[PDB]
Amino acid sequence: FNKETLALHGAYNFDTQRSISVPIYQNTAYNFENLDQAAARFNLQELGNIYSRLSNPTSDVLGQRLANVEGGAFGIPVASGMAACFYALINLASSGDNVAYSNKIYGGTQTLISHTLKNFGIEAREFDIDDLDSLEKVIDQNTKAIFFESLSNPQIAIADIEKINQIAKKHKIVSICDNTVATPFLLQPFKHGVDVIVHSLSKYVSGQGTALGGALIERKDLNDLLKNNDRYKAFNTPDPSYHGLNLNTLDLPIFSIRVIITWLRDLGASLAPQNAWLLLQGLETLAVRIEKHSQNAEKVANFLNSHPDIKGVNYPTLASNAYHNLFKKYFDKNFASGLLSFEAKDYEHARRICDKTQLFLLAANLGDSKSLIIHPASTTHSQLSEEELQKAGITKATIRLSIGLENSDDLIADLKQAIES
């Protein structure tokens, strides 16, 4: 079946009640049928329900469907997109190791990687997605992951995935792609050799600014890269937390297994059932929604691009954009999602715009059905240094927009009056 169909059917066979909609398991524990069954589950001998901090049936449906839509093998939902980025990195790197990360990513993920992970003895090494030789340069035998975004936030920078893959495969390093903005419907990183995909479900999957959540998805056959690979000992050595169990002995997606038995179990960034359920509902309609977000974004982009009071527009469909060729190369449906940014005349103009819009809501989020607006320098990328901003391509006049599902003429009119004030 096609992706649209897989977001609606699969990973749910109807329990006894045969409800068409997936039930909401607002529950933490399960009744084991007998003591053997219980103990067997605690020993990984038998798979099954144990305790919601580890897994929940509502969230399991979500995980598998997300994996199905991406063309991957297994997916794991967590409390948030950040938790997903965090879990993906620590599942690969531990104290004394380093990770390579793109210089054009979400501000929060940047802070997590370049500052917060130090506390755990994990070194971060920045690289430029626009000049991949810079990636080869920071790689050593201690580099455990290569992290980047498919379509960056807020520069809307597109990564040349095939080239990142080449380098990653060569050194036998796990590649992590945050495909949040593009969504699995506009881009399928797995098709291009990506090992692990992370998503902030909180954005487009929800599509309505109502459910915070994240997911870690692994490709098919990822064990091939982790098993018997000197770069990843955690997956090839007896583990004392599990009475000597060695993950390379399992015929299961070991990356996902470790996320469950270790990170969810001990760190506990668990996705609540109600959020999981809402996210499932959003997943069902994402295919239709992302197209509208895209169509609207393009019109807004064309309008901003021709207006005299605007000094520059950042959106991949624009033929003059630096990522336009990469866009045509990797986006099969010719839709570029709903995020875009533009340059106002100056700081004072950017501020007047944010204070004058009536439909674009001044807020810090993206992928909501309602259009949103923000000024990154003093907000989302407020933590970054004055120079890091320039490396990511942001200025004091920069405005970021999250294009919603409203009528395009109404949106254009709202931006027009704000801009012209």
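Throughout, we count residues from 1 along the sequence that is shown.
Novice: If you average the Cα B factors in the entry, which is higher, 301-309 or 273-281?
Specialist: Of 301-309 and 273-281, the stretch with the higher C-alpha B-factor average is 301-309.
Novice: Which is higher on mean Cα B factor in this entry, 228-236 or 214-222?
Specialist: So the stretch with the higher mean C-alpha B-factor is 228-236.
Novice: Whose C-alpha has the highest temperature factor in the PDB entry: 332, 348, 266, 343?
Specialist: The listed residue with the largest C-alpha B-factor is 348.
Novice: Name the one of 258, 324, 203, 170 with the greatest CA B-factor according to the PDB entry.
Specialist: In the PDB entry, the greatest C-alpha B-factor among 258, 324, 203, 170 is found at 170.
Novice: For residue 95, does the deposited CA B-factor place it in the lowest, middle or highest third of the chain?
Specialist: Residue 95: CA B-factor falls in the highest third of its chain.
Novice: Where does residue 407 sit by CA temperature factor within its chain: lowest, middle or highest third?
Specialist: As the PDB entry reports it, the C-alpha B-factor of residue 407 lands in the lowest third of its chain.
Novice: With respect to C-alpha B-factor, does residue 400 fall in the lowest, middle or highest third of the chain as deposited?
Specialist: Middle third by C-alpha B-factor.
Novice: Which third, lowest, middle or highest, does the CA B-factor of residue 296 fall in along this chain?
Specialist: It belongs to the lowest third of the chain when residues are ordered by C-alpha B-factor.
Novice: Should residue 81 be placed in the lowest, middle or highest third of its chain by the C-alpha B factor in the entry?
Specialist: Tercile = lowest for this residue's CA B-factor.
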